[PDB]
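Worksheet: the structure to be examined is printed underneath.
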Ligand SMILES: *[C@@H]1O[C@H](CO)[C@@H](O)[C@H](O)[C@H]1NC(C)=O
């Protein structure tokens, strides 16, 4: 969607969380505020948007 | 209030203790009060701060 | 951050020759830092050469490389070049394609990521 028309999603249990996105693109920014990017897998993020 | 003098002593120390535990909740400017959470969210190199 | 760098090029340049290098980038990073080269003169300390902004808004040059160095990023394959004009005869060094993983370079000494050394001698 466009920058003004940015979307929103309410992820809640389906397949797998991460370690897949760690290559989805050859080069991609992974700026994380708070949670450490390397510690993103075994946490439990309750209310998450996309 | 006949036994006021003793009652306040039991109130003062007990409420002072209850403030001390209640002082644990404040984040003191950190991310979260629970330090186990900090050790789990942030990486150790940047969790000391 | 975990960033892999893909540098290639070099050869055997001559007094007054030139180079046209390349340095591709791949890997997740905390921020979009600047690519570039930290060349140590042979036996010397690692020295900043010429840094381009990731958005291609800031260019940098140094006296030891002014007039005979320039950095530019490929818009197609995202391989930042090191293309120059009339490089002198003293640049017989090994050129590391270092990686400042910061959006702005206050000082060049803290170089989060680095690259491979490009050993090019300068003689005919
Ligand atoms: C889309 O991106 C995801 C991110 O992890 C990765 O599986 C892959 O690059 C693509 N696959 C899917 C699920 O479409």
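Chains as they are written, first to last, in the numbering used here: chain A, 1 to 50; chain B, 1001 to 1049; chain C, 2001 to 2124. Built from N, CA and C at the ideal position, the CB exists for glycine as well.
Taking a Cβ-Cβ cut-off of 7 Å, the neighbours of residue 35 of chain A in chain B comprise 1041, given in sequence order. Within the chosen limit of 8 Å, ligand 1 does not reach the beta carbon of residue 1024 of chain B with any heavy atom.
For residue 48 of chain A, the CB stays at least 8 Å from every heavy atom of ligand 1. The Cβ atoms of residue 2035 of chain C and residue 2080 of chain C sit closer than 9 Å to each other. A Cβ-Cβ contact shorter than 9 Å links residue 1024 of chain B with residue 1033 of chain B. Annotation: residue 39 of chain A to residue 1041 of chain B spans about 6 Å, alpha carbon to alpha carbon.
By the neighbour-count criterion, in which 16 or more other beta carbons inside 10 Å mark a residue as buried, residue 2055 of chain C falls on the exposed side. Distances from the CB of residue 20 of chain A to the heavy atoms of ligand 1 include at least one below 8 Å. Under the three-pair Cβ rule at 8 Å, the stretch 2090-2102 of chain C counts as touching the stretch 2019-2031 of chain C.
Taking each of C/2109, C/2010 and C/2104 in turn and checking the Cα distance to residue 2032 of chain C, the smallest one comes out for C/2104.
Residues are counted here when their Cβ sits less than 7 Å from a Cβ of chain A; for the stretch 1013-1040 of chain B these are 1031 and 1040, given in chain order. Taking 8 Å as the upper bound for CB-CB distance, residue 2038 of chain C and residue 2111 of chain C are in contact here, some 6 Å apart.
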